[PDB]
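In: model the following, please.
(chains A, B, C, D, E and F)
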Amino acid sequence: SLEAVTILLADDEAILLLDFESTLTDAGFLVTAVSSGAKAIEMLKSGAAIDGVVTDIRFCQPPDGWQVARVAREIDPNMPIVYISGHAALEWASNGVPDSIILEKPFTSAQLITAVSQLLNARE
Amino acid sequence: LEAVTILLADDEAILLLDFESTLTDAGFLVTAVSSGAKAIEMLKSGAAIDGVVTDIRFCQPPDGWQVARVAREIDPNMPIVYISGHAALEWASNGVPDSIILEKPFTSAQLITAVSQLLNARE
Amino acid sequence: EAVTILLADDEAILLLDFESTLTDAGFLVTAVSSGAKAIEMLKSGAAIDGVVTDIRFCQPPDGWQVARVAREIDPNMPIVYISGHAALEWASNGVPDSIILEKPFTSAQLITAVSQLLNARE
Amino acid sequence: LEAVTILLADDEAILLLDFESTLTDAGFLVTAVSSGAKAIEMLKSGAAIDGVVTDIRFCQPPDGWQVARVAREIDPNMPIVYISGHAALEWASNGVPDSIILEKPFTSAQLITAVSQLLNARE
Amino acid sequence: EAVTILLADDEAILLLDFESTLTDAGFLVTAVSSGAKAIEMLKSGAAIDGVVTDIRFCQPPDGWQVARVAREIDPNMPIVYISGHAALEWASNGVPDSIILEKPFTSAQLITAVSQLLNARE
Amino acid sequence: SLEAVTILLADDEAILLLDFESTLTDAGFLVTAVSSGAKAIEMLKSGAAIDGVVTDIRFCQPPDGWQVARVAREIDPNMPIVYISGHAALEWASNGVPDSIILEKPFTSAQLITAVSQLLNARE
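Out: Residues are numbered from 1 along each chain as shown, chains lettered A, B, ... in the order given. The structure is reproduced below:
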């Protein structure tokens, strides 16, 4: 929308999706929350106004978060991309898109918000 | 000093109020003004201003480009954040070095992060 | 687990203030009143994810030394210095990729500095 | 295109010659001019210019600040390197975003590195 | 020893040109004509300090894949892409902290890109 | 001087000092070449026009290169600092000054020149 910044948030588990979602809405973002990579890509391809993408690396089934980010960057080459991972962050070195941030658990609400805001601000 | 003061200049009162409250909740003192003319007057008065957040365009001249120049003449290291509903094309030829430009809409968190990062990088 | 910040400042009023700022933002904080206690904490094998330290304390060693100890343990340790007096000592004494905050600074500035340095580890 | 072309503007012929030869040895084509007026004329003519290296001050107006603005109006991503024998105080309020300012003296290697890094960072 | 750059480009005239540029600057160069040969080199355990690769080759795999293999072996591997066609594919395909050079570029640009990425390893 | 950029170069061994020296003079720099940290510090303290410092970490005797850089930064807080080391570069993480570059052997002439020029250019 014209009034708000929309973040596509893609996370599997109920506890975390709502945790990340409320963190982002408290900071002033609109959140489109989805529970798979496939659903995230569908949304990206739908023509919906998406200003940044916060995505898990692994979902229950492919496509993974690496692929979500590639689709986002095809639509918008400057798209803010934050990956959220449990364990292996070293895969980012070979799979992450340029100028993305990966956050590996544990991380704080402040870290998530700073990452998202910094990347949106860097758009120029 | 005892405080960190942000000069905030925007001709949309709703935006001015919203940004003022977000910045004050974040720990900043805010001098909120409605025109580039008043921002420049605040700067030229000699008030202690630690960062400037300005719209690029107002109803009347001077514009935000000029506000940032006066600020930088006073303090060459001044944190400068531009607010716009257009205009990064204009920023490319008119913006001062090391400034941030935020295109509307942006969240409270974005403004806070921009201001804070520039203040933290100072020297 | 959690993200823990070691915070070292010899003024109780400031220590409490910086501590509450950081806990509100989601960090656990180990708040200590000297550089010596900070170094003791760092060497104990306690899980520390970032260090926010004053430069000058009542007792030696100074915060410049706290940072060196921290970086010996973890070469990528986020380091934020707090200062009120000589911030230009940082140019000759600070560790690489560190941030120095000169008083006065806001809660937001502290949160941003800590958060951006943690995020940069990738 | 087939070449990478740098517009180089300086009113000191010895410097102009020296920078021209360093840049050409490094692989660039150089359009070397002696004033801001001629640099702007080159820009407004529609010649393919991939980077601008300009002195801040010439004998007559327009100055290097204005040369960089015209360049950035044409191409908002234009690599801009300023050459000065003073003036970073002036750069703080007059320079365009993402530009480099080199204070005299600087080596051939510095100019090459500045131009190359800005070209490499483009997009 | 030496600093070795793996260079992959399927045009012999360009490969020779980029190779001479890099050897004149002090690098050893392993010059290969395909992404497949580059990946074979990377997986062999040969000491490679940086990779400069075309995006499109005659045979598969492409340079985007060369970079991923390089980064699997070394997560901090300097990566420079060379392209003439779609450089905007980099936004969605490039690895983090890589540089893409779009033709035309000068010898200086190539040397600067490789050198600055090597230097950033610290 | 007004005409040239002066680099203080501090290196122990004859082969390398002359190698680094000629690399820097070919690139257009004036080089003040010294063979110890003590001599480098003396020069820095003499009031000589020094625009950047390229220094070894270890000399035959203390003061070391870490200390050379601290002295340089006391004189000029913006001084370009490039360290040159054989083996242990990880000591830079705890001992290097902010915004310095460390080059660990082997490195090329291009790398040295790029490091020096980039840091001089970043002075603003």
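In: burial count for residue A:2?
Out: Per other CB atoms under 10 Å in any protein chain shown, the neighbour tally for residue A:2 reads 7. Quick note: C-beta positions are derived from backbone N, CA and C, even for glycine.
In: what's the helix or strand for it?
Out: Secondary structure assignment for residue A:2, by DSSP states H and E: no helix or strand.
In: pretty sure it is touching residue B:106, no?
Out: No - Residue A:2 is not in contact with residue B:106 according to CB atoms under 8 Å; the separation is 12.0 Å.
In: which residue is the nearest non-sequential neighbour of the residue of chain A found nearest chain C?
Out: Closest to chain C within chain A is residue A:108: 3.2 Å, counting by CB to the nearest CB. Closest residue to residue A:108 apart from its sequence neighbours, by CB to CB, 6 or more residues apart in numbering or on different chains: residue C:26 at 3.2 Å.
In: all helices for chain A, in order.
Out: Under the criterion DSSP state H, chain A carries helices at the ranges A:14-26, A:37-45, A:65-75, A:92-95, A:109-121.
In: most tightly surrounded among those helices?
Out: With neighbours taken as mean count of other CB atoms under 10 Å in any protein chain shown, those reach their highest mean count in helix A:109-121, at a mean of 25.
In: could you list every helix and strand in contact with that one?
Out: Contacts defined by 3 or more CB pairs under 8 Å, 6 or more residues apart in numbering or on different chains; DSSP states H and E place helix A:109-121 against helix A:14-26, strand A:52-56, strand A:81-85, strand A:101-104, helix B:108-120, helix C:107-119.
In: let's go with 6 Å and repeat that
Out: On a contact count with 3 or more CB pairs under 6 Å, 6 or more residues apart in numbering or on different chains; DSSP states H and E, helix A:109-121 meets helix B:108-120, helix C:107-119.
In: who's the most centrally placed residue in chain A bridged to?
Out: The centre of chain A sits closest to residue A:54, judged by CA atoms, centre = their mean, with a distance of 1.1 Å. On the basis of DSSP bridges, residue A:54 is bridged to residue A:9, residue A:82.
In: wait, it touches residue A:9, no?
Out: Yes - if you go by CB atoms under 6 Å, residue A:54 and residue A:9 touch, sitting 4.8 Å apart.
In: shared neighbours, those two?
Out: Shared contacts of residue A:54 and residue A:9 (CB atoms under 6 Å, 6 or more residues apart in numbering or on different chains): none.
In: residues contacting residue A:57?
Out: Applying CB under 6 Å, 6+ apart, we find residue A:57 in contact with A:65, A:83, A:85.
In: go with 8 Å
Out: A:64-66, A:83-86, A:88, A:91 (CB atoms under 8 Å, 6 or more residues apart in numbering or on different chains).
In: farthest-apart pair in the residues you listed, please.
Out: Longest distance between any two of these is 14.7 Å, between A:66 and A:86; criterion CB to CB.
In: ok, residue A:8 - how many residues close by?
Out: Neighbours of residue A:8 under the rule other CB under 10 Å: 23.
In: now swap in residue A:12 and tell me
Out: 14.
In: just residue A:59 next, same as before
Out: Count around residue A:59 with other CB under 10 Å applied: 22.
In: likewise residue A:48?
Out: By the criterion of other CB under 10 Å, residue A:48 has 11 neighbours.
In: that one is in contact with residue A:32, isn't it?
Out: Yes - under the criterion of CB under 8 Å, residue A:48 makes contact with residue A:32 at 7.1 Å.
In: got any residues that touch both of the two?
Out: Common contacts of residue A:48 and residue A:32 (CB under 8 Å, 6+ apart): residue A:6.
In: residue A:111: what's it in contact with?
Out: Contacts of residue A:111 by CB under 8 Å, 6+ apart are A:103, C:3, C:26, C:115, C:118-119.
In: among the contacts of residue A:57, name the buried ones.
Out: For the contacts of residue A:57, a neighbour count by 16 or more other CB atoms under 10 Å in any protein chain shown gives the buried set as A:64-66, A:83-85, A:91.
In: number of nearby residues for residue A:122?
Out: Residue A:122 has 12 neighbouring residues, counting by other CB under 10 Å.
In: and what of residue A:52?
Out: If you count neighbours by other CB under 10 Å, residue A:52 ends up with 23.
In: surely residue A:97 touches residue A:70?
Out: Yes - contact criterion CB under 8 Å: residue A:97 and residue A:70 qualify, at 6.7 Å.
In: and the residue of chain A closest to chain B?
Out: Chain A approaches chain B most closely through residue A:28 (3.3 Å), counting by CB to the nearest CB.
In: doesn't residue A:7 make contact with that residue?
Out: No - Residue A:28 is not in contact with residue A:7 according to CB under 8 Å; the separation is 10.4 Å.
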